[PDB]
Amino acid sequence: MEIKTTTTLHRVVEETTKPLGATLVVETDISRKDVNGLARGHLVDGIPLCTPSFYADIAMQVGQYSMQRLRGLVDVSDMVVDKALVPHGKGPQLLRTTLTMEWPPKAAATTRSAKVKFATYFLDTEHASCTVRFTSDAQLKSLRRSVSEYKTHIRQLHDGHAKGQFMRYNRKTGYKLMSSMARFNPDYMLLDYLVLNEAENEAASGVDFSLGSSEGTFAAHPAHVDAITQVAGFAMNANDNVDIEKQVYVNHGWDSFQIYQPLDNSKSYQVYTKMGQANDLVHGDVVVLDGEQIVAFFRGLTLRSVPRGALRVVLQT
């Protein structure tokens, strides 16, 4: 019955079932040595930051649990990041995840979504929220039919590079290109290579999870998931016309995220995205493949253009 504790889910604070719904509150001390390093995924202006993928992992966990006890794909949807979470590492820093569900009398078994909120307590700060959904395989089946199409897009990008049309970045050079904006926890530096067609903010990347350490138990390793979103972040910020000393594209959230095959830390995967031009926001889909197999998919991944200076000022505040 009880939910399994993991590297990213440490304790159950509250769990109460009710006739018209239920509530599940879990806790994670992001200062604990087995997870503190992981909670510090990005580094901006010397300030450590927790990535959206961190919340997504916990969401999948409390979602998969809730879905299994009222009765198989869990979609971490409508992800919204409101305030940065800085893992200070000075004693306990409790991140509380609250999941809530509602349903008509004796109809709990048909519930297909739940609201999730993420906030730290010493209330400290409300950081993010999302809606976990127990979705259908309609999208998966659709993606499977488009596999050859994605493969062709990927192939065309490599052919373009082979003709000197698009840039191909080796891992260390790509991270170097982004280094004035942000540095990454070594365990998060999983992009092996990336071919970028700047004209369409379109990229094909090889992500190799064997390039980092990922010990622990998770639903979806935060480093693996963040790596997937990094392909889109790089596609935007690596454009010749984007001056990262003045304006940069940062994570905002996403509309939908589904994983169909476990994210193996010994394997490499192919990631493809065409973000496009796009007010203040840009959005696009990101697909992950393992050869001919559909592994995961972000629908509506959203990035926001913000002043580099303002970003710094806020983080330093």
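Position 1 is the first residue in the sequence shown; the rest follow in order.
According to the entry, the deposited sequence has no residues without coordinates between residue 155 and residue 156, so the chain runs continuously there. For the pair 297 to 305 and 5 to 13, the mean B factor over Cα atoms is greater in 5 to 13.
When 73 to 81 is weighed against 138 to 146, 138 to 146 comes out higher, by mean CA B-factor as recorded in the entry. Looking only at 169, 166, 188, 121, the residue with the top Cα B factor in the deposited structure is 121.
Each of 66, 28, 256, 53 has a CA temperature factor in the record; the biggest one is found at 66.
Split the chain's modelled residues into thirds by C-alpha temperature factor. Residue 212 is in the middle one.
Remark: residue 245 belongs to the middle third of its chain, ranked by C-alpha B-factor as recorded. In this PDB entry, the Cα temperature factor of residue 34 sits in the middle third of its chain's modelled residues. The deposited CA B-factor of residue 97 belongs to the middle third of values across its chain. Ranked by C-alpha B-factor against the other modelled residues of its chain, residue 219 falls in the middle third.
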